[PDB]
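Chemist: Below is the file query-v9.txt, with compact mmCIF, N, CA and C atoms.
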# COMPACT_ATOMS: atom_id res chain seq x y z
N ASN R 3 -5.60 4.89 11.89
CA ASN R 3 -6.34 4.61 10.67
C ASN R 3 -5.57 5.09 9.44
N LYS R 4 -4.95 6.27 9.55
CA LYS R 4 -4.21 6.83 8.43
C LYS R 4 -3.07 5.91 8.01
N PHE R 5 -2.31 5.41 8.98
CA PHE R 5 -1.18 4.53 8.66
C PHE R 5 -1.65 3.21 8.08
N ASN R 6 -2.70 2.63 8.66
CA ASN R 6 -3.21 1.37 8.14
C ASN R 6 -3.69 1.54 6.71
N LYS R 7 -4.36 2.66 6.41
CA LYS R 7 -4.79 2.90 5.04
C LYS R 7 -3.58 3.11 4.13
N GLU R 8 -2.56 3.81 4.63
CA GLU R 8 -1.37 4.06 3.83
C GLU R 8 -0.68 2.76 3.47
N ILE R 9 -0.50 1.87 4.45
CA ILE R 9 0.20 0.62 4.15
C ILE R 9 -0.68 -0.31 3.34
N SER R 10 -2.00 -0.23 3.51
CA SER R 10 -2.88 -1.04 2.69
C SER R 10 -2.78 -0.63 1.22
N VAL R 11 -2.80 0.68 0.95
CA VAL R 11 -2.71 1.17 -0.42
C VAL R 11 -1.32 0.95 -0.99
N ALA R 12 -0.28 1.29 -0.23
CA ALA R 12 1.08 1.08 -0.71
C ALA R 12 1.38 -0.40 -0.87
N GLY R 13 0.93 -1.21 0.10
CA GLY R 13 1.16 -2.64 0.01
C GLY R 13 0.50 -3.27 -1.20
N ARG R 14 -0.74 -2.84 -1.50
CA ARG R 14 -1.42 -3.36 -2.68
C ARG R 14 -0.67 -3.01 -3.96
N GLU R 15 -0.16 -1.79 -4.05
CA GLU R 15 0.62 -1.45 -5.24
C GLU R 15 1.89 -2.29 -5.33
N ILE R 16 2.56 -2.50 -4.20
CA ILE R 16 3.81 -3.25 -4.21
C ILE R 16 3.58 -4.67 -4.71
N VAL R 17 2.57 -5.37 -4.17
CA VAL R 17 2.37 -6.75 -4.54
C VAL R 17 1.87 -6.91 -5.96
N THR R 18 1.44 -5.83 -6.61
CA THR R 18 1.00 -5.89 -7.99
C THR R 18 2.03 -5.36 -8.97
N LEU R 19 3.23 -5.02 -8.50
CA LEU R 19 4.28 -4.57 -9.42
C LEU R 19 4.75 -5.77 -10.21
N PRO R 20 4.63 -5.77 -11.54
CA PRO R 20 4.68 -7.04 -12.27
C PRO R 20 6.06 -7.63 -12.38
N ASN R 21 7.12 -6.84 -12.27
CA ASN R 21 8.46 -7.35 -12.50
C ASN R 21 9.16 -7.79 -11.24
N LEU R 22 8.55 -7.58 -10.08
CA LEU R 22 9.14 -8.07 -8.85
C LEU R 22 8.86 -9.55 -8.69
N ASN R 23 9.80 -10.25 -8.05
CA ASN R 23 9.59 -11.63 -7.64
C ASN R 23 8.86 -11.68 -6.30
N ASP R 24 8.35 -12.84 -5.98
CA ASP R 24 7.57 -12.98 -4.75
C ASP R 24 8.39 -12.64 -3.51
N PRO R 25 9.63 -13.11 -3.36
CA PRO R 25 10.40 -12.74 -2.16
C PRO R 25 10.60 -11.24 -2.01
N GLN R 26 10.81 -10.52 -3.10
CA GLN R 26 10.96 -9.08 -3.06
C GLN R 26 9.68 -8.42 -2.55
N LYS R 27 8.53 -8.80 -3.10
CA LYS R 27 7.25 -8.28 -2.67
C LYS R 27 7.05 -8.55 -1.18
N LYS R 28 7.32 -9.78 -0.75
CA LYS R 28 7.10 -10.17 0.63
C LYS R 28 8.00 -9.40 1.59
N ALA R 29 9.25 -9.18 1.18
CA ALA R 29 10.17 -8.43 2.02
C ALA R 29 9.72 -6.98 2.18
N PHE R 30 9.30 -6.35 1.08
CA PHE R 30 8.80 -4.98 1.19
C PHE R 30 7.57 -4.91 2.09
N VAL R 31 6.66 -5.89 1.94
CA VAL R 31 5.42 -5.88 2.71
C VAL R 31 5.69 -6.11 4.19
N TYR R 32 6.63 -7.01 4.51
CA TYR R 32 6.99 -7.20 5.91
C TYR R 32 7.58 -5.93 6.49
N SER R 33 8.41 -5.23 5.71
CA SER R 33 8.97 -3.97 6.18
C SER R 33 7.88 -2.92 6.39
N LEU R 34 6.87 -2.92 5.53
CA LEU R 34 5.75 -2.00 5.67
C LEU R 34 5.04 -2.22 7.00
N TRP R 35 4.77 -3.47 7.34
CA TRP R 35 4.09 -3.78 8.59
C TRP R 35 4.96 -3.40 9.78
N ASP R 36 6.27 -3.61 9.66
CA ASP R 36 7.17 -3.35 10.78
C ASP R 36 7.32 -1.86 11.07
N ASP R 37 7.29 -1.03 10.03
CA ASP R 37 7.44 0.42 10.20
C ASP R 37 6.60 1.13 9.16
N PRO R 38 5.31 1.33 9.45
CA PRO R 38 4.42 1.99 8.49
C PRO R 38 4.84 3.41 8.11
N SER R 39 5.62 4.08 8.94
CA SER R 39 6.06 5.43 8.60
C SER R 39 7.01 5.45 7.41
N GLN R 40 7.49 4.29 6.96
CA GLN R 40 8.37 4.20 5.80
C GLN R 40 7.63 3.87 4.51
N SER R 41 6.29 3.98 4.52
CA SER R 41 5.52 3.48 3.38
C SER R 41 5.92 4.15 2.08
N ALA R 42 6.08 5.47 2.08
CA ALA R 42 6.41 6.17 0.84
C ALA R 42 7.78 5.75 0.34
N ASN R 43 8.76 5.64 1.25
CA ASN R 43 10.09 5.23 0.84
C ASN R 43 10.10 3.81 0.31
N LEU R 44 9.35 2.91 0.95
CA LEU R 44 9.32 1.52 0.51
C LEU R 44 8.64 1.40 -0.83
N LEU R 45 7.53 2.13 -1.02
CA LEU R 45 6.87 2.09 -2.32
C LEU R 45 7.81 2.60 -3.42
N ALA R 46 8.52 3.68 -3.14
CA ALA R 46 9.42 4.24 -4.14
C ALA R 46 10.56 3.28 -4.48
N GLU R 47 11.13 2.63 -3.46
CA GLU R 47 12.17 1.64 -3.66
C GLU R 47 11.66 0.45 -4.46
N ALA R 48 10.46 -0.01 -4.16
CA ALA R 48 9.90 -1.13 -4.86
C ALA R 48 9.64 -0.81 -6.33
N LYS R 49 9.15 0.40 -6.61
CA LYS R 49 8.88 0.81 -7.98
C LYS R 49 10.17 0.91 -8.79
N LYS R 50 11.21 1.45 -8.18
CA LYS R 50 12.49 1.53 -8.85
C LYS R 50 13.06 0.14 -9.17
N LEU R 51 12.93 -0.78 -8.23
CA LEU R 51 13.41 -2.15 -8.42
C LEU R 51 12.61 -2.81 -9.52
N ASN R 52 11.30 -2.60 -9.47
CA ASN R 52 10.42 -3.13 -10.50
C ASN R 52 10.87 -2.67 -11.88
N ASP R 53 11.16 -1.38 -12.02
CA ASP R 53 11.55 -0.84 -13.33
C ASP R 53 12.89 -1.40 -13.81
N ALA R 54 13.83 -1.63 -12.90
CA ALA R 54 15.11 -2.20 -13.25
C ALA R 54 15.02 -3.67 -13.67
N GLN R 55 13.91 -4.33 -13.37
CA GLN R 55 13.69 -5.73 -13.69
C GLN R 55 12.72 -5.90 -14.86
N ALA R 56 12.49 -4.83 -15.64
CA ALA R 56 11.61 -4.89 -16.78
C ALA R 56 12.15 -5.87 -17.81
N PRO R 57 11.27 -6.51 -18.58
CA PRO R 57 11.74 -7.40 -19.65
C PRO R 57 12.62 -6.65 -20.64
N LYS G 7 5.52 -14.14 12.68
CA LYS G 7 5.36 -13.72 11.29
C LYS G 7 4.02 -14.17 10.74
N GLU G 8 3.13 -14.61 11.63
CA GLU G 8 1.79 -15.02 11.21
C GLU G 8 0.96 -13.81 10.80
N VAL G 9 1.07 -12.71 11.55
CA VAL G 9 0.34 -11.50 11.22
C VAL G 9 0.88 -10.90 9.93
N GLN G 10 2.20 -10.87 9.77
CA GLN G 10 2.77 -10.35 8.54
C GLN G 10 2.33 -11.17 7.34
N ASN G 11 2.27 -12.49 7.49
CA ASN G 11 1.87 -13.34 6.38
C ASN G 11 0.41 -13.11 6.01
N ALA G 12 -0.45 -12.93 7.02
CA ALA G 12 -1.86 -12.63 6.74
C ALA G 12 -2.01 -11.29 6.03
N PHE G 13 -1.27 -10.27 6.48
CA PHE G 13 -1.23 -8.98 5.78
C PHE G 13 -0.86 -9.16 4.33
N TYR G 14 0.25 -9.86 4.07
CA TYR G 14 0.69 -10.15 2.71
C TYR G 14 -0.41 -10.81 1.88
N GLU G 15 -1.04 -11.86 2.43
CA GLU G 15 -2.05 -12.57 1.66
C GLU G 15 -3.30 -11.71 1.43
N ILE G 16 -3.68 -10.89 2.41
CA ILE G 16 -4.79 -9.97 2.22
C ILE G 16 -4.49 -8.99 1.09
N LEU G 17 -3.27 -8.46 1.03
CA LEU G 17 -2.91 -7.52 -0.02
C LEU G 17 -2.94 -8.18 -1.39
N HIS G 18 -2.72 -9.49 -1.44
CA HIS G 18 -2.63 -10.19 -2.71
C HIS G 18 -4.00 -10.53 -3.30
N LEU G 19 -5.02 -10.67 -2.47
CA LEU G 19 -6.35 -11.05 -2.93
C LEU G 19 -6.87 -10.08 -3.99
N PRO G 20 -7.05 -10.54 -5.24
CA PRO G 20 -7.33 -9.58 -6.31
C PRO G 20 -8.72 -9.01 -6.32
N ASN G 21 -9.69 -9.70 -5.73
CA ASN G 21 -11.09 -9.33 -5.91
C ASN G 21 -11.67 -8.56 -4.72
N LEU G 22 -10.82 -8.06 -3.83
CA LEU G 22 -11.28 -7.12 -2.83
C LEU G 22 -11.20 -5.71 -3.39
N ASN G 23 -12.21 -4.89 -3.10
CA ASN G 23 -12.11 -3.48 -3.43
C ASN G 23 -11.27 -2.78 -2.36
N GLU G 24 -10.99 -1.50 -2.58
CA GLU G 24 -10.09 -0.79 -1.69
C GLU G 24 -10.64 -0.68 -0.27
N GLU G 25 -11.92 -0.36 -0.14
CA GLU G 25 -12.54 -0.25 1.18
C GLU G 25 -12.48 -1.58 1.92
N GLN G 26 -12.77 -2.67 1.24
CA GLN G 26 -12.75 -3.99 1.85
C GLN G 26 -11.35 -4.37 2.28
N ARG G 27 -10.37 -4.18 1.40
CA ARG G 27 -8.99 -4.49 1.76
C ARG G 27 -8.52 -3.64 2.94
N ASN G 28 -8.81 -2.34 2.92
CA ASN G 28 -8.41 -1.47 4.02
C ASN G 28 -9.04 -1.92 5.34
N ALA G 29 -10.31 -2.31 5.29
CA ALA G 29 -11.00 -2.75 6.50
C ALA G 29 -10.39 -4.03 7.06
N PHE G 30 -10.01 -4.98 6.21
CA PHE G 30 -9.35 -6.18 6.71
C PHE G 30 -8.00 -5.85 7.35
N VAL G 31 -7.22 -4.96 6.71
CA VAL G 31 -5.94 -4.57 7.29
C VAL G 31 -6.15 -3.91 8.65
N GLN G 32 -7.15 -3.03 8.76
CA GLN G 32 -7.44 -2.39 10.03
C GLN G 32 -7.80 -3.43 11.09
N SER G 33 -8.63 -4.40 10.73
CA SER G 33 -9.01 -5.44 11.67
C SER G 33 -7.81 -6.26 12.11
N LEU G 34 -6.88 -6.52 11.20
CA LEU G 34 -5.69 -7.28 11.52
C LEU G 34 -4.84 -6.50 12.53
N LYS G 35 -4.76 -5.19 12.32
CA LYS G 35 -3.99 -4.33 13.21
C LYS G 35 -4.63 -4.30 14.59
N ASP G 36 -5.96 -4.18 14.61
CA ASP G 36 -6.71 -4.07 15.86
C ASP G 36 -6.61 -5.33 16.71
N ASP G 37 -6.64 -6.49 16.08
CA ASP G 37 -6.61 -7.77 16.80
C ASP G 37 -5.80 -8.77 15.98
N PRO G 38 -4.47 -8.71 16.07
CA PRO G 38 -3.65 -9.63 15.28
C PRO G 38 -3.85 -11.09 15.62
N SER G 39 -4.38 -11.40 16.80
CA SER G 39 -4.60 -12.80 17.17
C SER G 39 -5.61 -13.48 16.27
N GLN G 40 -6.42 -12.71 15.54
CA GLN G 40 -7.46 -13.25 14.67
C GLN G 40 -7.01 -13.35 13.22
N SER G 41 -5.70 -13.43 12.97
CA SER G 41 -5.21 -13.34 11.60
C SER G 41 -5.80 -14.44 10.72
N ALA G 42 -5.87 -15.67 11.24
CA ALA G 42 -6.35 -16.78 10.42
C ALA G 42 -7.84 -16.64 10.10
N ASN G 43 -8.64 -16.23 11.08
CA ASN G 43 -10.07 -16.02 10.82
C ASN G 43 -10.29 -14.89 9.82
N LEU G 44 -9.57 -13.78 9.99
CA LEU G 44 -9.73 -12.65 9.07
C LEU G 44 -9.32 -13.03 7.66
N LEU G 45 -8.21 -13.77 7.51
CA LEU G 45 -7.79 -14.18 6.18
C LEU G 45 -8.83 -15.08 5.53
N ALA G 46 -9.42 -15.98 6.30
CA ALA G 46 -10.44 -16.86 5.73
C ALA G 46 -11.66 -16.07 5.29
N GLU G 47 -12.08 -15.10 6.11
CA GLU G 47 -13.19 -14.24 5.72
C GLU G 47 -12.87 -13.46 4.44
N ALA G 48 -11.66 -12.91 4.36
CA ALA G 48 -11.25 -12.15 3.19
C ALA G 48 -11.23 -13.01 1.93
N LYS G 49 -10.76 -14.25 2.06
CA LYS G 49 -10.71 -15.18 0.94
C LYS G 49 -12.10 -15.52 0.44
N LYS G 50 -13.02 -15.74 1.37
CA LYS G 50 -14.40 -16.03 1.00
C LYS G 50 -15.01 -14.88 0.19
N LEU G 51 -14.82 -13.66 0.66
CA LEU G 51 -15.33 -12.48 -0.03
C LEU G 51 -14.66 -12.31 -1.40
N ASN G 52 -13.35 -12.52 -1.42
CA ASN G 52 -12.61 -12.47 -2.68
C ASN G 52 -13.22 -13.40 -3.72
N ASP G 53 -13.48 -14.64 -3.33
CA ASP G 53 -14.00 -15.60 -4.30
C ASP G 53 -15.41 -15.23 -4.74
N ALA G 54 -16.23 -14.71 -3.82
CA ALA G 54 -17.58 -14.30 -4.19
C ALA G 54 -17.58 -13.13 -5.17
N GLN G 55 -16.55 -12.29 -5.18
CA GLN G 55 -16.46 -11.12 -6.03
C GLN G 55 -15.59 -11.35 -7.27
N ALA G 56 -15.43 -12.60 -7.68
CA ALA G 56 -14.75 -12.90 -8.93
C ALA G 56 -15.57 -12.33 -10.09
N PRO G 57 -14.91 -11.76 -11.11
CA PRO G 57 -15.65 -11.34 -12.30
C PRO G 57 -16.48 -12.48 -12.87
N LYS G 58 -17.69 -12.16 -13.33
CA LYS G 58 -18.57 -13.17 -13.91
C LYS G 58 -18.83 -12.90 -15.38
Spit out the file's structure as structure tokens when you get a sec.
Modeler:
Amino acid sequence: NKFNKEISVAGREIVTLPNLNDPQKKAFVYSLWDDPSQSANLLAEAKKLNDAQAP
Amino acid sequence: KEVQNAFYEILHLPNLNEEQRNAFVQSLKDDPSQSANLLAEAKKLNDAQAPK
């Protein structure tokens, strides 16, 4: 339950990061499902990528 | 990649609250064979909870 909640919360944040493109979001989310123990690292990577793609 | 795609689409649905989204993800994990039914249920709930 803990991991499913973690990936649900992290996944929701990832898909709502406004500067990511759809393939980037989908790739992070697929990685989340494949290895939920990486949720914090994937969220952090996604946020950094999002910030580098700011207008 | 059917289960992964359903997970992705569930996470994208804007009008689910956190408890509802978490519950769908848990159900997907518990029985991935039901991905299409769960996604359809989630979509229905999403549309019913559109801001009015």
Chemist: Rank nothing, just name the residue among G:12, G:22, G:54, G:29 nearest to residue 41 of chain G, using all atoms listed in the file.
Modeler: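 Under the stated criterion, the closest residue is G:12.
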Chemist: Just give me the gap between atom CA of residue 41 of chain R and atom CA of residue 13 of chain R in Å, one decimal is fine.
Modeler: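 If I compute the distance from atom CA of residue 41 of chain R to atom CA of residue 13 of chain R, I get 8.2 Å.
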Chemist: Which neighbours of residue 6 of chain R fall inside 8 Å, counting all atoms listed in the file, when residues of the same chain fewer than 6 positions from it are skipped, and could you give them as JSON, numbers by chain?
Modeler: {"R": [12, 38], "G": [28, 29, 31, 32, 35]}
Chemist: Would you mind reading off the distance between atom C of residue 40 of chain G and atom N of residue 9 of chain G, one decimal, in Å?
Modeler: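 Here the two named atoms are 8.3 Å from each other.
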Chemist: Please give the complete set of residues from chain R that DSSP, run on the backbone, assigns to helix (DSSP H, G or I), formatted as JSON, numbers by chain.
Modeler: {"R": [4, 5, 6, 7, 8, 9, 10, 11, 12, 13, 14, 15, 16, 17, 24, 25, 26, 27, 28, 29, 30, 31, 32, 33, 34, 35, 36, 38, 39, 40, 41, 42, 43, 44, 45, 46, 47, 48, 49, 50, 51, 52, 53, 54]}
Chemist: For a test of reading the model, state the distance in Å between atom CA of residue 18 of chain R and atom CA of residue 3 of chain R, rounded to one decimal.
Modeler: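 Separating atom CA of residue 18 of chain R from atom CA of residue 3 of chain R is a distance of 22.6 Å.
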